[PDB]
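One chain is shown next in structure tokens, namely the form deposited in one PDB entry.
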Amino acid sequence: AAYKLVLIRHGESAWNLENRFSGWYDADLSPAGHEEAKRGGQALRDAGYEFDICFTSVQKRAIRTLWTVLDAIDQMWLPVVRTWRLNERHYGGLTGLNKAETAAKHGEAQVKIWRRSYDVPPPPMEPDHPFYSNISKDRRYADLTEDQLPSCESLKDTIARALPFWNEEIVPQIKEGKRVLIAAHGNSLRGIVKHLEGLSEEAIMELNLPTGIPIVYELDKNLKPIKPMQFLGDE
């Protein structure tokens, strides 16, 4: 095909193990997630993948997964661009909560909406929340305007802020023939998947992308996939 694009969701995080909604909280990789990232990088190495530029979020689970992949493929010299627009969805006031206890307190129907719905946001992260200053006052977001800084996001919201970056910064690299690697998060990667494949809201709601596994797209000149996404790794 004209273009090759590779996506990778971060390896397993420390809050993935604690069973807590992370969102914008900056959880690090677990030791297993570090091994998953090292596996995905080895798979790309074995397949002889070359990139020209990498994009990632401002969240260390994604950045570290990128790093681990670039060390595995011996391409640590590549230019890397970070943007909050590739962040995980902002889980709002759910951030830090245990997911089982949240289902216990709110019931299955409400937590299913928050987790799996396309356009219902979680409750806002207000100033009394224990991660308010940790996240909303983090200086990595100093340059967002008041309207850009979310207190919560639905999946639709997350896509609405990820796609302008895809269109303004990523697509021009792809049309140059530069080979792009994007290391990010399930929900921001889903914006790109949905957009590349023209998926409906119901179909994007059903797709889950595994942590730490390279996803390869072969795109034609209109940046439309010429075949289904392929995962890289052993059997």
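Each form is matched to the other, and the largest set of C-alpha atoms that superpose within 1.5 Å is called the rigid core. Position 1 is the first residue in the sequence shown; the rest follow in order.
Although not depicted, the form deposited in another entry is the subject of the following passage.
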>> Listing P164, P130, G107, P79 as candidates, which single one shows a C-alpha movement of 2 Å or greater between this form and the one not shown when the core is held fixed?
In response: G107
> Where do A109 and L209 end up in that other deposited form, Cα atoms closer or farther than shown, with a change of 3 Å or more?
Replying inline: farther
>> I want to verify one pair: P124 and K105. Are their C-alpha atoms nearer or more distant in that other deposited form compared with the form I supplied, knowing the change is 3 Å or more?
In response: closer
